[PDB]
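Residues: numbered from 1 along the sequence shown.
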Amino acid sequence: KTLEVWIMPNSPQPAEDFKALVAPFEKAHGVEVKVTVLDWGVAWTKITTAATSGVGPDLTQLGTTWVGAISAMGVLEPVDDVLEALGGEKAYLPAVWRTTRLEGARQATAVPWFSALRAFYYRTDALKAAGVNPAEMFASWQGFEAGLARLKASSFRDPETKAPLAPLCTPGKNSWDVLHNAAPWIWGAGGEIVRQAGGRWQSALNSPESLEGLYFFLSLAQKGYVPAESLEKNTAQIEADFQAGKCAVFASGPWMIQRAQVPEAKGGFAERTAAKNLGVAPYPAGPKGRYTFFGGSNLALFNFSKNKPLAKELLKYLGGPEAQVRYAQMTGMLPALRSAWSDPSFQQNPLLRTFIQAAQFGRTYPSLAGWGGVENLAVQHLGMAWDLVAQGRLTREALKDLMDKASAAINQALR
Ligand SMILES: O=S([O-])[O-]
Ligand SMILES: [Cl-]
């Protein structure tokens, strides 16, 4: 008696980690869980083919931003029942709960599995040497920029590189997460990517507030705070640069905390100066709010499964306390289930405690069926803004004309 699950590579040994996660469930139910690991390069197309053909697994992982699109194809089983048995809506952050359904939909089609959230890592030694107080650097945007000006002026050299640290490392346009990097700034200025008006969704990227947050973020790169080399690279490469002592400050997820403990030999950075001088702070309070970008993944049940009762039991298991703590450990993510945040594995680690403070500002995109195309069209136009930054040519006026073009393309795709 077997269940099939599709996952993406969430942990260092994806298949082995997941088989170890579900071993107590297999024992309690006398069943085998078969897991297939889908590379992020192919997971979407594969899940899409499963949806159209009626051929696929019992359960699939979905990126949180995938929920709307797959739910709208009519192929996912309602899991309102699973979510109630896990404690219902108030068992989750509002931003995580929004990812359980197509936006506006009556029934839940996905169970929260784990959360990817971004906070700022910083070199405690570099801020010390630049005379930057971390509380002030991360309390306002003015403080954030004043902090980067002291880090730019600083004579601090990394003990290993014997070279200056870049004040801020961030990707520009050559990364999968272009929109995610900008989102906190758009939100913090009081804006948003999409808005409801006359009862339908429209681009809000050209709103006054959205443009202010975007220009604030992008102009940091234009003022000398971000290396030109950062703008050509992806998030993984920027991670590597921070580990190798080239960056004072950069946004990433909780997984860096585990990597700081792992030898270079085994793909961690324990021996690097950065590992022993690691601070974390949430994104700084904006003038019109304070927001932490949430992503990560949920689990869903194809309505063609012949094993819905056992699959729902496995959804309750994976979504529930013990597996929530266990898989967060394996993946270096935060549990989707808020009760799992009190586990000693989190509470005994001050860096994880800071990620839990960052979690209270949690915000996600609305779960639109057409979210992919909105994000893709946004990212096309943000990329052109990053090109202007790279030349020192981004003005507020030039940013507005690109986001007006973005907004016309987005509105047509939504209309
Ligand atoms: O360092 S103590 O806060 O875990
Ligand atoms: Cl939004």
Side-chain angles (χ1 to χ4, degrees), residues 3-23 25 33-53 55-71 73 75-77 79 82 95-96 99-100 109-118 171 175-181 234-237 239 252-256 258-259 267 293-302 305 311 314-315 317-319 323-324 326-337 364-365 367 371-372 375-376 379:
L3 275 174
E4 177 84 43
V5 181
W6 289 2
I7 67 176
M8 282 75 104
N10 303 316
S11 64
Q13 300 299 352
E16 281 277 82
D17 290 341
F18 184 85
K19 286 313 317 223
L21 187 71
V22 295
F25 176 88
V33 177
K34 301 287 186 208
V35 60
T36 303
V37 179
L38 313 186
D39 180 343
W40 285 108
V42 304
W44 173 251
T45 192
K46 284 182 165 165
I47 283 156
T48 288
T49 287
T52 58
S53 68
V55 176
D58 297 293
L59 295 189
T60 190
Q61 183 174 340
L62 304 178
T64 59
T65 64
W66 293 9
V67 170
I70 306 307
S71 298
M73 299 180 65
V75 296
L76 294 188
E77 184 72 18
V79 291
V82 178
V96 176
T99 71
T100 62
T109 47
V111 174
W113 197 9
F114 62 82
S115 294
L117 73 169
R118 280 101 178 277
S175 197
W176 65 280
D177 53 8
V178 172
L179 190 62
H180 317 335
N181 302 329
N234 65 24
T235 295
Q237 292 178 280
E239 272 171 11
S252 198
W255 49 85
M256 298 303 289
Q258 265 177 52
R259 280 204 222 152
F293 178 74
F294 266 63
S297 284
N298 293 354
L299 289 156
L301 168 54
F302 281 116
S305 166
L314 178 54
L315 279 169
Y317 176 82
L318 284 175
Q324 275 289 309
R326 193 78 205 91
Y327 208 49
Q329 286 183 329
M330 291 174 171
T331 59
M333 297 281 180
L334 225 230
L337 190 72
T364 58
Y365 307 129
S367 351
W371 179 261
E375 179 168 330
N376 291 347
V379 164

Just so I know, are the side chains of [X] and [Y] near enough to count as touching, which here means a heavy-atom distance under 4.5 Å?
| X | Y | value |
| --- | --- | --- |
| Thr36 | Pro57 | no |
| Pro112 | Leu337 | no |
| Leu62 | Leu76 | yes |
| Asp58 | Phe302 | no |
| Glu375 | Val178 | no |
| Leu3 | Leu314 | yes |
| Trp255 | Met333 | yes |
| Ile47 | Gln61 | no |

Do side-chain atoms of [X] reach the backbone of [Y] as a donor and acceptor pair under 3.5 angstrom?
| X | Y | result |
| --- | --- | --- |
| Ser175 | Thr235 | yes |
| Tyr365 | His180 | yes |
| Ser53 | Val55 | yes |
| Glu77 | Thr109 | no |
| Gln237 | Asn234 | yes |

Shortest non-hydrogen contact from [X] toward [Y]:
| X | Y | answer |
| --- | --- | --- |
| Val111 | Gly319 | CG1-CA, 4.5 Å |
| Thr52 | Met73 | CG2-CE, 3.9 Å |
| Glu4 | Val35 | OE2-C, 4.1 Å |
| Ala328 | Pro335 | CB-CG, 3.6 Å |
| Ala110 | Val67 | CB-CG2, 4.1 Å |
| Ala20 | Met330 | CB-CE, 4.2 Å |

Please test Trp44 against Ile70 for side chain to side chain contact (heavy atoms under 4.5 Å, CB included), starting from the C-alpha separation and ending with a verdict. CA-CA 10 Å; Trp44 173 251; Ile70 306 307; 3.7 Å; yes
With rounding to the nearest 0.5 Å, note down the distance linking [atom1] in [X] to [atom2] in [Y].
| X | Y | atom1 | atom2 | answer |
| --- | --- | --- | --- | --- |
| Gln324 | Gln329 | CD | CD | 12.0 Å |
| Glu16 | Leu21 | CD | CG | 13.0 Å |
| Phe294 | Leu334 | CZ | CG | 6.0 Å |
| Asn298 | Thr65 | CG | OG1 | 10.0 Å |
| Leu59 | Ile7 | CG | CD1 | 11.5 Å |
| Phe114 | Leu318 | CZ | CG | 11.0 Å |

Test item: side-chain donor near acceptor, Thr99 and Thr64, under 3.5 Å: no
Check your understanding: Does the side chain of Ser252 come under 3.5 Å of the side chain of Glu239 through a donor N or O and an acceptor N or O?
Key ->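 Yes, a side-chain donor-acceptor pair sits under 3.5 Å.
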For this session: Just say parallel, tilted or perpendicular for the rings of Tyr327 and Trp113, cut-offs at 30° and 60°.
Result: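 Rings of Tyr327 and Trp113: parallel, as their planes differ by under 30°.
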